[PDB]
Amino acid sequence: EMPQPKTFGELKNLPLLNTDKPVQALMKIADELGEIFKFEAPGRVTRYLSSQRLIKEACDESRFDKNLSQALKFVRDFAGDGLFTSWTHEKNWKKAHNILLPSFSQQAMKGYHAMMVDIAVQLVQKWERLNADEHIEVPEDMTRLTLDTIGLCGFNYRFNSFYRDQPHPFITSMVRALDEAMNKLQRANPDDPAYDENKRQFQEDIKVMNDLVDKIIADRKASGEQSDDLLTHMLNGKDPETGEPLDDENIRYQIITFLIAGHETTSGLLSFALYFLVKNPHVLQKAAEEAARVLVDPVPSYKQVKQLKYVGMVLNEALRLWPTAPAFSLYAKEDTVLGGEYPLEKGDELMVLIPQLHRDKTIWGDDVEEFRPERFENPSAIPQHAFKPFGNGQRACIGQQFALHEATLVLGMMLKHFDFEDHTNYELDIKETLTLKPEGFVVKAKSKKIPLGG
């Protein structure tokens, strides 16, 4: 049979998720139980997969499709039928996928590059302007950068995060809505009066988000201004298959979806990469040498960013150890046998535990906990389905090239401009929300005093 972790009577395994750090908890469970285990809650069952052997089968699109976990279902209250929270079989999934894919291609990154540089220069200037006795709050600043980059490149909206101590009200509401959504994953009687306040606040937070986004869309339609950004493409684009464009409601859901993605999910990659670099100074030296050799102009060009090969290896190795969207869910399309040993019925759910997959010793060797960017020196020597930080197949991350372009640009500029000090000898503490973050990660940066382009 299938291993299963400890139970809590009629609550089955559900209380195991009643913790601050559920993914880390599930990883320990996988260390104990192996490549597959059953996880039961009242009314539901899912099987957690950790091995490349089984995950490669799960990633066969003829046999399994993307499932929406209860978490994703609660988030759908504000992300709607945007790309991330739609079923593959919903008309609006393929329609938006077809309309938006060209806006996310490697070719599209050339068009976003200048505005990415705009926000990256704001980060570099902030750090240049700190006084000698000060320090950097890494995740907080990386989030300023990533949120502002998606707002600007995406929809020509400036959140102006570097002008703020307290988040923009939209972000306050987005974060609190996401927290509420995932808090509901632990409530016996959702309709209890105790939760009346939570509900009022949730609706207020949804309205904050909708009002801003709907205004952004309406203002653009009225001006007729042809930016050339995601919003332009969504307003103008037609799905080649149906011949139809997106409606304004779905465009709003896509914008909210991109803003969530571009927040701590993408800034976590930068924060973990810097964490590993400061903990591995020889690797930081290699990466800084590439940045200084490649980034020879006052600001980076698109071409130069594509030449930061070792920087991209550092980012992939950070995604290997701490993928910031650490789990995705699948369902069986039909009755099928997994791995020649586990019979599944149509509808049965699977979870892919990505940090565990990325520690499969039969793929990576014994040293899986070492931070060694050289594992990605030839990124096509990596076996199929061994490395999945951006999900699978047609339901993989549409933002992968965007996230990697901004992370590579930013991290390159950081390494060119500053030497870094782990002045507190920071102890890794990974906070979990929808994403992963090295909470309390701080450094000091000493400027190399290299001028920036204006």
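So that there is no doubt, residue numbering starts at 1 and follows the sequence shown.
- Averaged over CA atoms, B-factors in the entry run higher in 376 to 384 than in the other of 376 to 384 and 310 to 318.
- Legend: mean Cα B-factor per stretch from the PDB entry, 89 to 97 versus 255 to 263; the higher mean is in 255 to 263.
- Per the PDB record, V175 has a higher Cα B-factor than any other of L130, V175, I354, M116.
- Residue set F74, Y112, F84, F272: peak C-alpha B-factor at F74 (per PDB entry).
- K207: CA B factor in the highest third of modelled residues in this chain (values from the PDB entry).
- Among the modelled residues of the chain, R164 sits in the highest third by CA temperature factor in this PDB entry.
- Per-chain ranking of the deposited C-alpha B factor places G347 in the lowest third.
- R200 sits in the highest third of its chain by CA B factor, as recorded in the PDB entry.
- Remark: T324 belongs to the middle third of its chain, ranked by C-alpha B-factor as recorded.
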